[PDB]
Amino acid sequence: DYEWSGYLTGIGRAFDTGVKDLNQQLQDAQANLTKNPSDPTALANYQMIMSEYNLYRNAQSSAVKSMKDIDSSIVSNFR
Amino acid sequence: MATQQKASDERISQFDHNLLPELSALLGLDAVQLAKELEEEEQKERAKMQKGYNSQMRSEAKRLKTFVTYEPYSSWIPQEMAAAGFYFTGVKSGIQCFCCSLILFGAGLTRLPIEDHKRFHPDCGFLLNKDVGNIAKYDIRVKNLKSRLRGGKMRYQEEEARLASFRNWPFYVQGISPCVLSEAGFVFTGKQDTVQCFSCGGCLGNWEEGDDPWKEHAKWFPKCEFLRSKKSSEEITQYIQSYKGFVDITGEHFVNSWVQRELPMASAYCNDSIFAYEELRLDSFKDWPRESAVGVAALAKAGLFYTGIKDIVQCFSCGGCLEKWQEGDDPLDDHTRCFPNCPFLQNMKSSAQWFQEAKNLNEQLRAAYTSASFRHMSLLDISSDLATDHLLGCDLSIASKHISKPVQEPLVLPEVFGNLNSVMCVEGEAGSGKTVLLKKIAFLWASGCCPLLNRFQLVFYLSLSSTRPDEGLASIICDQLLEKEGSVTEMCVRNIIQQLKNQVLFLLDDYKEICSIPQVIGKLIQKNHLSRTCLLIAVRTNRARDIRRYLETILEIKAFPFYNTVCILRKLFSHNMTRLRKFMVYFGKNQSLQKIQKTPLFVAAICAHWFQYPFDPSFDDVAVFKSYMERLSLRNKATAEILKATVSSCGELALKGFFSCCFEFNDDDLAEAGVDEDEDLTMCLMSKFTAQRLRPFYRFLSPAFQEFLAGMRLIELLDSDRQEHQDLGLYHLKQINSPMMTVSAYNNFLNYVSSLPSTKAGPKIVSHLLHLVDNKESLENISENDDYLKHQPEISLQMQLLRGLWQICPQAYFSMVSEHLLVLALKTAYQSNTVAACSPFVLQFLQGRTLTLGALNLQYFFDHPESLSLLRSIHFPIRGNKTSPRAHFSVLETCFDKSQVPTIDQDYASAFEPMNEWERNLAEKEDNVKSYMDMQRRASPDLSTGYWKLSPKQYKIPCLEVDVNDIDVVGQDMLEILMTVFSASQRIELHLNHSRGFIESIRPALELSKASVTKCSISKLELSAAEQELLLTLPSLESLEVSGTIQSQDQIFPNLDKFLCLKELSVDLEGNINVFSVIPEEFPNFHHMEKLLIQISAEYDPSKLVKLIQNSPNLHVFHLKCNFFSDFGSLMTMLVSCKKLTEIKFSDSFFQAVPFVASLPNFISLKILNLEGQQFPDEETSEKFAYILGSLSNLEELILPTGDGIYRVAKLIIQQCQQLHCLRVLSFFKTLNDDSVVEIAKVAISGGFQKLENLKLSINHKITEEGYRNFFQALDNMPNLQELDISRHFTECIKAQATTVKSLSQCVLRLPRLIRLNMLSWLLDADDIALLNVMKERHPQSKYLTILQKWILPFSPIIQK
Amino acid sequence: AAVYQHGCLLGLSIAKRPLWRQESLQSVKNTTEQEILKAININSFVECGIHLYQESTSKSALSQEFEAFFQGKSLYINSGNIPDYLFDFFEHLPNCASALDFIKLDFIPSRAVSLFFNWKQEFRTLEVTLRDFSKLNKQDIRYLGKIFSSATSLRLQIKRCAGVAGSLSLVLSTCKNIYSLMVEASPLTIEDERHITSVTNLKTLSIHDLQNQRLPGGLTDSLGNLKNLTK
Ligand SMILES: Nc1ncnc2c1ncn2[C@@H]1O[C@H](COP(=O)(O)OP(=O)(O)OP(=O)(O)O)[C@@H](O)[C@H]1O
Ligand SMILES: [Zn+2]
Ligand SMILES: [Zn+2]
Ligand SMILES: [Zn+2]
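Chains H, C and G are the protein sequences, given in the same order. The end of the first sequence is residue 89 by the UniProt record's numbering, with every number in the run present. Heads up: the second sequence runs through residues 1 to 351, 394 to 1403, numbered per the UniProt record's numbering. Heads up: the third sequence runs through residues 510 to 616, 644 to 767, numbered per the UniProt record's numbering.
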């Protein structure tokens, strides 16, 4: 009887907390490049991470719009 | 006269009133901030659209039509708001007044359209009952004023005399010049907008701009002498034939009618009921059993009427009430006292032988239709009591389809009643409401308050359900419509039918076949040109092949709109708002499940359930299906061999269809299922379509229902004791073998299955669901068909994030899915009450698992608490919302690559993108996310509702992982939670991310459970003196980590002799303080460390490290990063005593190479060998190393050193990798060339690298184009490889030829699990990238494989030659 | 697949409008009616095989029967007229298309590029003839170099084109799979001739109507480089 909800809730959060880790990785990569600003592997490892960060932000920035539009369509009917 | 003065209430309608604080509980968002954002948008939109009187929207008949494009999801019915003077606009589902402005958006559950209309602008001329020309939904042009003007015989012969009458011609009709009306012979009567023909005396009203009085005159009263003298008979004929709507009638058919009634003025406060009129309320209160307070005339003025139930007096404007009619009371005060909000009261406070026979029949028919036995049409099977008169405000969605051409158009009832001519038909699915529709029509006619139908003199509602094909009309109507076998005879009826013709309407229900019909009626269908009697026949789509031959168009009933479902529930209930509110949210998010309520019969199914549990504040999404098929047994039952048989056979069809994603069947697919298409029960589950097609097809009622039936059938197979029909259940069950689909595509299926009752199926299903995610073979089975998603947009969205989650953090994905499947298995066991036979599977599953804290709220852990000891850990994260400023772009890369910029030509220029645009676009997208996440509320852990609620005695949580990230200060509730949870565990591990001040507020809890803390990992966290003192009082610490910013020069190192249990030490400080210079000399004694991860610098003869290792025989991981070191050979020698080392990492300028290689053969347990950054400038050392690597048979990760030694002897290293049958990762750095790189491919063919996952080649400065083409064409077999990196530094870009690009695209498709390809500094033109972007769609790992080519360096390349 | 007999070659010579390469290429030799009619006869036969495949919807079920049939056959394609069934043939029946020994392209439309520039497989032989090029662009070279990609062996014929002169060295530079080069009535320069004499893997070289008279380090200056030349 304990609210047996058969649904995958919290996915938006599970995703967002993943992207935030990529952000931390990007900052750390920047620090390593800063200390060795001529190292070709430090550079490659910086843009590979940065591209992924951009790719995923561009994904949730779309999904979040969809989710926002759904919720805003609910509070508008039972105000 | 200034229609309304254009309402403008400061543009602050607001609508809300802080009633949303309870909604955030369901949504997770602050509904208050959200409402504010919406208000702003509405204010802006209003200023961009037109305001003022709109004459075209003057008729409510048209206003209703404008809502045919209104969204199906709402709280208000178009009819309710159309009646309030509103019409639909094209902007964001907003509505607007015809008389007034007042642009209003959305809807509510606690407000009606009229309540808002008079709240945001009470001065509206319409609401105040001023003459604004409002036209009733049901109205006609012919008025029948029955009043003659002055001596027009002479007075109005001249045009001037006629024109002079139009002095007060209302502004609301000034689109038609009075000069035209005058020319046509019309004069103004003084009424709202009617005019009278000066000769004929006929009167027409409801004039609209664009009307032509000569055409209107020709259609009604065509015999008028004036018209005949002025226009040719040909012109008159053309005007009539050129009209639209009425087919064979004129003014004479709307007058002298036996069902006429005068109606007041279409006032605003006339919701949607017949009883809105005083005359109808009063002249119906006839059965009132002489109860005290018999002022019926006064009662009627209270908006009250008799429902037909003993003493229930109902109000047309608010519903059933006044039960037991208090004797001697006053209905105006009782009504007000009980319902002090009713719009009606608010308005009140503010303010010829056959001919005579036909007449007698007419009166009897009217009495039969308005009687309280024809009304209260058993809607929703509520009761014989509990009046449902107020529920007759919902209509059906009707469309008109042509039988020949593929043409379909939407209709509203006012446009149907005006087109009734010869033979018409209404088609629909079983339960669509076609029987109620026919009765409603007969009712409106009898009432007489519905002009447009008042032209009919006789209306007969008959049911051809068992009538024999030889019975005459008199013998039928005397049985079904009249009280006794009298009044009429067969000859009387026939004589009447052939005299009235167009004025006689039959409503024929329950039609089956043309043969099984009374001969007297069949003749009115087959030869309906010698009579012209109007017939309306209602059929199921399972037939409707018999009468199409006699039609032109068909009226088809479409899906019953969601907003009608909401209204019905709102009116019947509302006593339990917490249940209705959940209903609205559920179907808001699950957009495709709105299709469940397709047929009114499903709405009845809900009501029947909601009346049994009126105070249970929960919405069960499958209750409607369980109810629907229960009530099915109360229609026309035959449980044995019929009901069970039809459900079983249909269930088999559904079950097969749901695993091939069919949802559509032909006749052969149906026949093999054993379904009889001519059975009556197999029409309440499924519908047949025989429309203009070469071949027919079958479809189940709204698809969600098919899944329900499939679920039901699967259970029967699993429970049955017949092996022949039982193993089949397992066959179908095993079709679900992908954890990616069990959380999406099959989500609803599984929820229906784990809800229906079962006996043996329970254990059989849970043993599967807990197996699917048990091992790593099925857990990693990422697969989808994408067919089940085509019709379900809400799942397509859900899976958009899951595919992403899997790529960013696979561990999060696996943990999340695993926990979900556990819940479904437990739910199943509890719902079926088979827990005793399911627990063994759960216990097997739980072993070694990690669950979240909230998983302990599951009842299972209370009933069987010993299972807690099987878990490895509980995860308890806290996040708060601390800011992490930014990525900080264009501050480093801007001082790096300048002066080394490449010179790319015009065609390959796209390889390099500008940084300024890259950053701008990213920043915009990031902000759009932040503004949403800020509106979310985490919700503190509800550790009470079963939460390990064993007032814990014998069992404890074996390990608690506390993950603290981006939080500073915890509130009191969190302190209560942390203390409660901490005392419930045996081992506490603290992971502290950037969270300054955190270990100051939870002190009260740590001080009680000091000895339970075993790990403390510190990230970018500043430590205070008080914090360090607390840490030094945690004597049980086994693992201590400091990953940065410890520059406090505090006692954490000086007092590193208190942690006597320490086994794992990890030190990596951004600020270099030469750690170990600060560690006591007594530390390297008795500790026996297992992990040493240290970043050290400027140490000399560091005997402390040597001693620490010497006394650590169980050392597993050794990472050493430092500058100039001493006695390296001694360190390498000492490590030989550590026989269990699995990982070695040496990556700085201290490594001496030779002393390493000499000792390397003594380490045989190594799994990871990382020497990146080291150099081996020696062929002899290199060769020895290369051979040693072949002995290290356990290596998974081999990261090679660089330098000349390896370059010269690289082939040996690659060839020996055929012995290392476990390699997962290989990384090369400037070691391979054109001749040696191909050896990788050769080994893969020979049988090596079979498990390789990551192959990194950044060596590409020493390889030419030929070395890649030859490599790609030689690579056939590496069925584990996920990432292939073949990239170069931007200063040495490679331009690919067509044959190289082609070779690559072929190579990728031979690597079936590849998901990442790196190609930086490769130059491809617009046609080459267009090849790879197509190849991707033929790749097994579609929607994953990503190719990285572009550079984002902060400069423009020189694009010239 | 077992039929080899030509039958009657009399009549139907009007098939394939360029009866004699539009009355241009081919001298007084190889005028034997059979020499040209047999090729036409086969082209029709191969097209018939393709049509039967489409009208069977057998997909991969008959991948062997429809491979044995085509093996050893020829196929002529007009670059200015590419029937859609050729796309289906190359797209849906791989390992068959590669069993053909010719594939001749008569010339640069994007359709020619899209058809050949794919990721499936290389053809045994590809033969390309250029007949109408008064001017050659840079983009034309870029596209042509993609068409040449899908072959294990290239035979290139340049006939009566002047826009190619001075740019031949910019076309052959992308042909590492060329074994036969024929040039007719092209005002080639020394730079082009030096490129030709650099292709040591060339087997067939045929030059017609070259009237430079002065070849200072040109084609006739050495020609001892093409040691693998047979014709
Ligand atoms: N406007 C309405 N509001 C609420 N319920 C409705 C409405 N119209 C129809 N219903 C429901 O429809 C049911 C009747 O459905 P329908 O008119 O399709 O008849 P049926 O079940 O197909 O059988 P038959 O055609 O023999 O009457 C009634 O039980 C009624 O509860
Ligand atoms: Zn208004
Ligand atoms: Zn008239
Ligand atoms: Zn009321």
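Even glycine gets a Cβ: it sits at the ideal position worked out from N, Cα and C.
Open item on the list: Rounded to the nearest angstrom, what separates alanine 715 of chain C and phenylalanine 700 of chain C at their Cα positions?
Closed with: Spanning the two alpha carbons is a distance of roughly 14 Å.
Task: Residues near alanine 300 of chain C in its chain [Cβ-Cβ closer than 7 Å; skip 5 each side] - done: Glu278, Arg281, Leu282 and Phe285.
Task: Beta-carbon neighbours of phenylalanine 653 of chain G, restricted to chain A and to distances below 8 Å - done: In the structure shown, chain A cannot be found, because the protein chains are H, C and G.
Open item on the list: Going residue by residue through the segment 1043-1093 of chain C, where are the continuous alpha helix (DSSP H) segments of at least 4 residues, counting only ones entirely within it?
Closed with: Assignment of alpha helix (DSSP H) within the segment 1043-1093 of chain C, counting only whole runs of 4 or more residues, yields 1045-1048 and 1067-1073 in chain order.
TODO: Could you tell me which residues DSSP puts in a beta bridge with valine 142 of chain C?
DONE: C/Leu204.
Task: C-alpha distance - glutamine 1339 of chain C paired with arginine 1311 of chain C, whole-angstrom precision - done: Across the structure, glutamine 1339 of chain C and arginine 1311 of chain C are spaced so that their CA atoms are roughly 10 Å apart.
TODO: Provide the residue span of the beta strand (DSSP E) that contains residue 352 of chain C, from first to last.
DONE: For chain C, the structure lists 351 followed at once by 394, and that leaves residue 352 of chain C out of the model.
Open item on the list: On the DSSP letters alone, give me the boundaries of the alpha helix (DSSP H) that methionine 626 of chain C sits inside.
Closed with: For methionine 626 of chain C, the enclosing alpha helix (DSSP H) begins and ends at 619-631.
- [ ] May I have all residues whose beta carbon comes closer than 5 Å to any heavy atom of ligand 2, sorted in chain order?
- [x] Going along the chain, the residues that qualify are C/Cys97, C/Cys100, C/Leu102 and C/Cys124.
Task: Closer than 7 Å to chain C by CB, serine 685 of chain G - done: Taking CB atoms only, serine 685 of chain G has a neighbour in chain C less than 7 Å away.
Open item on the list: I want to check one thing, is the minimum distance from the CB of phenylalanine 198 of chain C to the heavy atoms of ligand 3 below 6 Å?
Closed with: No.
Task: Minimum C-alpha distance to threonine 477 of chain C - residue among C/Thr110, C/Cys1164 and C/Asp552 - done: Out of C/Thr110, C/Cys1164 and C/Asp552, C/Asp552 has the C-alpha closest to the C-alpha of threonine 477 of chain C.
TODO: Compare the beta carbon distance of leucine 422 of chain C and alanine 164 of chain C with 7 Å and say whether it is the shorter of the two.
DONE: Taking 7 Å as the Cβ cut-off, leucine 422 of chain C and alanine 164 of chain C do not qualify as a contacting pair.
Task: When C/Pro213, C/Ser1043, C/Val1267 and C/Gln1216 are compared against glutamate 1239 of chain C, the one with the closest alpha-carbon - done: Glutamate 1239 of chain C has its Cα closest to that of C/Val1267, out of C/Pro213, C/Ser1043, C/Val1267 and C/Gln1216.
- [ ] Whole angstroms is fine: what's the gap from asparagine 590 of chain G's alpha carbon to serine 533 of chain G's?
- [x] One C-alpha to the other measures close to 19 Å.
Open item on the list: Let's test the definition: count the other Cβ atoms within 10 Å of the Cβ of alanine 1140 of chain C and tell me whether it reaches 16, buried, or not, exposed.
Closed with: Burial call: exposed.
Open item on the list: Give me, in chain order, the residues of the same chain whose beta-carbon lies closer than 6 Å to that of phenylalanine 653 of chain G; leave out the 5 immediate sequence neighbours on both sides.
Closed with: For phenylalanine 653 of chain G, the CB contacts under 6 Å within the same chain, skipping 5 residues up- and downstream, are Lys682 in chain order.
TODO: Could you name the residues that DSSP lists as bridge partners for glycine 473 of chain C?
DONE: In the DSSP assignment, no residue is bridged to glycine 473 of chain C.
Open item on the list: Does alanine 687 of chain G come out as helix, strand or coil in the three-state DSSP assignment?
Closed with: In the structure shown, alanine 687 of chain G sits in a strand (DSSP, three-state: E or B).
Task: Identified DSSP bridge partners for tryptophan 1393 of chain C - done: DSSP lists C/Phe954 as partners of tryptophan 1393 of chain C.
- [ ] Evaluate the contact criterion for the segment 215-222 of chain C versus the segment 166-174 of chain C: three or more CB pairs, one atom per stretch, below 8 Å.
- [x] No: fewer than three Cβ pairs fall under 8 Å.
Task: Residue(s) in a DSSP beta bridge with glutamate 1003 of chain C - done: Bridge partners of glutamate 1003 of chain C according to DSSP: C/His917 and C/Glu1031.
TODO: Measure the alpha-carbon distance for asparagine 206 of chain C versus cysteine 99 of chain C and round it to whole angstroms.
DONE: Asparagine 206 of chain C and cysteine 99 of chain C have their C-alpha atoms some 16 Å from each other.
TODO: Using only the heavy atoms of ligand 3, determine whether one of them is closer than 6 Å to the beta carbon of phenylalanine 221 of chain C.
DONE: Flag set: Cβ of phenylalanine 221 of chain C near ligand 3.
- [ ] For the beta strand (DSSP E) holding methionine 718 of chain G, just list the boundary residues, first then last.
- [x] Following the DSSP letters along the chain, one finds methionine 718 of chain G inside the beta strand (DSSP E) bounded by residues 714-720.
Task: Heavy atom of ligand 3 within 6 Å of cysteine 520 of chain C beta-carbon - done: No - ligand 3 has no heavy atom lying nearer than 6 Å to the Cβ of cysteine 520 of chain C.
Task: Start-to-end residues for the alpha helix (DSSP H) that takes in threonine 27 of chain H - done: Run containing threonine 27 of chain H: 21-45, per the alpha helix (DSSP H) assignment.
Task: Unbroken stretches of the beta strand (DSSP E), 3 residues or longer, contained in the segment 1101-1143 of chain C - done: Listed in chain order, the complete beta strand (DSSP E) runs (minimum 3 residues) inside the segment 1101-1143 of chain C are 1106-1109 and 1133-1137.
- [ ] Report yes if the CB atom of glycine 475 of chain C is closer than 7 Å to the CB atom of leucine 428 of chain C, and no otherwise.
- [x] If you check the CB distance, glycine 475 of chain C and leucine 428 of chain C do not come in under 7 Å.
Task: Assigned secondary structure, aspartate 597 of chain G (DSSP; H/G/I helix, E/B strand, else coil) - done: Correct three-state label for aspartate 597 of chain G: helix.
Open item on the list: Can you find the residues in the same chain that come closer than 6 Å, C-beta to C-beta, to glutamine 450 of chain C, ignoring five residues on each side of it along the sequence?
Closed with: Only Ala441 and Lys443 meet the Cβ criterion.
Open item on the list: Nearer than 6 Å: is that true of the beta carbon of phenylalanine 305 of chain C relative to any heavy atom of ligand 6?
Closed with: Ligands displayed in this structure: ligand 1, ligand 2, ligand 3 and ligand 4; ligand 6 is not among them.
TODO: Determine which residues of the segment 1380-1393 of chain C have a Cβ less than 8 Å from any Cβ of chain H, and write them out in chain order.
DONE: From the segment 1380-1393 of chain C, only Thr1388, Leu1390, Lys1392 and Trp1393 have a Cβ closer than 8 Å to chain H.
Open item on the list: At the level of alpha carbons, what is the spacing between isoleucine 1088 of chain C and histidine 1036 of chain C?
Closed with: Straight-line Cα distance between these residues: approximately 12 Å.
Open item on the list: Between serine 952 of chain C and chain G, is the shortest Cβ-Cβ distance under 7 Å, so that the two count as touching?
Closed with: Not an interface residue.
TODO: Step through the CB atoms of chain H and report whether any lies within less than 7 Å of the CB of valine 785 of chain C.
DONE: Contacts with chain H at 7 Å (Cβ-Cβ) include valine 785 of chain C.
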